[PDB]
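Trainee: Dumping the structure here so I can ask a few things about it.
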């Protein structure tokens with residue numbers, strides 16, 4: 001595959017999410033750009049339906065791992081770019097400890113010159129007074145490492161990892177993520193050796209934006225493969 005050649009520059013990004021959490025429906029649209037050479041993503045997300053009924057941080061992982069920076073000695077382990085431009089399906093279950101779960105299905109693929117992430121999210125069994133529907137989480141996102149393993153029996157990858165949301169009261173809300181990715185096209189894809197993605201996030205607000213929104217800067221860098229002999 002030569003999909004990685006599509007990410008040598010800066011690439012415009014469009015994100016569209018339709019969500020339904022305990023019957024609270026919402027839509028999010030995001031736009032920005034990705035710079036995989038630096039592992040850098042910059043986007044602004046808008047809740048186009050008005051008030052977002054869940055905290056913005058709970059949506060970060062759902063709202064484009066093809067922009068991770070894979071070091072040269074790990075380029076052969078980059079499943080995400082190898083599937084491009086036909087893309088891959090990214091499906092998760094996000095189980096919030098002592099609360100509800102998200103189920104997400106996304107298609108990540110090129111539409112013209114834009115990398116598009118189109119997501120359907122359903123949230124189920126949440127507590128209306130809980131940390132999620134009750135808007136009790138801090139507006140931030142801890143740095144985290146998430147391990148990738150190949151899933152040869154589906155021609156893809158999988159990953160399980162924990163996200164720790166900071167609660168306003170000083171506690172931590174665990175979001176247990178179970179993830180599976182599989183390609184859309186039938187072309188050749190790289191099934192990686194075991195490794196991890198290292199992620200940092202900076203969440204902010206646009207002073208001139210009156211709608212409910214999130215400005216996000218994210219860095220994702222691949223690691224965990226020994227750069228051994230040569």
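Trainee: Given 20 °C and 1.002 mPa s, how large is the Stokes-Einstein diffusion coefficient of the range 13-59 in µm²/s, with Rh as the Kirkwood radius over Cα pairs?
Mentor: 183
Trainee: Another question, if that's okay. Test of understanding: ordering 226, 37 by Cβ neighbours within 10 Å, fewest first, what list do you get?
Mentor: 226, 37
Trainee: When the helix-only estimate is applied to the chain (DSSP H runs of n ≥ 4, each -39,500 (n - 2.57), divided by the residue count), what is the mean residue ellipticity at 222 nm, nearest 500 deg cm²/dmol? List each step's numbers first, then the result.
Mentor: On the way: 1 runs with 4 residues, N = 230.
Mean residue ellipticity at 222 nm (helix-derived): 0 deg cm²/dmol.
Trainee: Give the distance, in whole Å, between the Cα centre of the range 170-230 and the Cα centre of the range 1-54.
Mentor: So the two Cα centres are separated by 12 Å.
Trainee: Rank the residues 102, 147, 196 as a footprinting-exposure proxy: fewest other Cβ atoms within 10 Å of their Cβ go first.
Mentor: Starting with the residue having the fewest Cβ neighbours, the order is 147, 196, 102.
Trainee: Could you compute how fast the range 170-227 diffuses translationally, taking Rh as the Kirkwood radius over C-alpha pairs and applying Stokes-Einstein at 4 °C with viscosity 1.567 mPa s? Give it in µm² per second.
Mentor: Estimated via Stokes-Einstein, D reaches 81 µm²/s.
Trainee: For the range 96-166, what is one quarter of the convex hull surface built on the Cα atoms, given in nm²?
Mentor: 7.1
Trainee: Ok, one more. Average projected area of the Cα convex hull of the chain, in nm²?
Mentor: So the mean shadow area of the Cα hull is 13.0 nm².
Trainee: Relative contact order, percent, of the range 116-174 when contacts are C-alpha pairs under 8 Å separated by at least 6 residues? Write out the running numbers ahead of the final one.
Mentor: Values: 57 pairs, mean separation 15.9, N = 59.
For the range 116-174, the relative contact order is 27 percent.
FYI the Cβ positions are ideal-geometry reconstructions off the backbone, even for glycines, and counts take in every protein chain you see. Values quoted throughout were computed directly from the atomic coordinates according to the rules given, and no laboratory measurement underlies them.
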